[PDB]
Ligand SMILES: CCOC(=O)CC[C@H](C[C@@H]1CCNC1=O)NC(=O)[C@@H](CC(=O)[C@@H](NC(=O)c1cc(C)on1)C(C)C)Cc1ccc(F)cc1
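Only one chain comes next, encoded as structure tokens, the form deposited without this ligand.
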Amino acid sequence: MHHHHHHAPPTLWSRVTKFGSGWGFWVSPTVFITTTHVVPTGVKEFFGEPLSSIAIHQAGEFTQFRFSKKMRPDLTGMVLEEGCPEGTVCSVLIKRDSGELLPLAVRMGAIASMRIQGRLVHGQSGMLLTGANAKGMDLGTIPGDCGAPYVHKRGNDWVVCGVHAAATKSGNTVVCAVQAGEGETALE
């Protein structure tokens, strides 16, 4: 009784932050995420945090933002899911200027190691499940909404998948930029 379709977490929507030519997410008080193609060239600080006191770590369209200080504007600590099983419905957070939030949805596929620029990277595909917002280099972007963060309900909370990397030739299929860490060395 009353289960399908429910209210979305507010703080979860505020986590997203349109930077440069894309959108990121607040991994934690002093932690953040962002894509590579989204990163612009002109700014030297984020939310009042000079790069001089920041750390960057690329990894297949996955940059690790480590701030020297914990801004903690309205966060606490989110969970990162390195991919997803077969049948995982993820949702992106597309915020606009006039508050036109565009909540997109995508169905996760299988986990495999793709090859980009002669580099093996681990990422989970994702078939579109909305209409046809995909253009070819993203699930649904127009004014520069690339790299958007993915979210999903996990137990009694919402875990983040990756970021809007790009779309496939099929159009209704994008790749969720996953992070590198545990799970690859573990056996189970």
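Residue numbers run from 1 along the displayed sequence.
Just so it is clear, the following notes concern the form deposited with this ligand bound, a form of the same protein that is not shown.
The site is blocked: after superposition of the local C-alphas, three or more atoms of this ligand, taken in the deposited bound form, come within 2.4 Å of this form's backbone or C-beta atoms. Stretch 136-144 is the contacting one of 26-34, 154-162, 136-144, 48-56, since its residues have non-hydrogen atoms within 4.5 Å of this ligand in the deposited bound form.
Screening 116, 105, 71, 102 for any heavy atom within 4.5 Å of this ligand in the deposited bound form leaves a single hit, 116. Among heavy atoms of residue 11, none comes within 4.5 Å of this ligand in the deposited bound form.
In the deposited bound form, this ligand lies within 4.5 Å of some heavy atom of residue 167. Using a 4.5 Å cutoff between non-hydrogen atoms, residue 175 counts as a contact of this ligand in the deposited bound form. With contact defined as any non-hydrogen atom lying within 4.5 angstroms of this ligand in the deposited bound form, 61 is the only contacting residue in 59-89.
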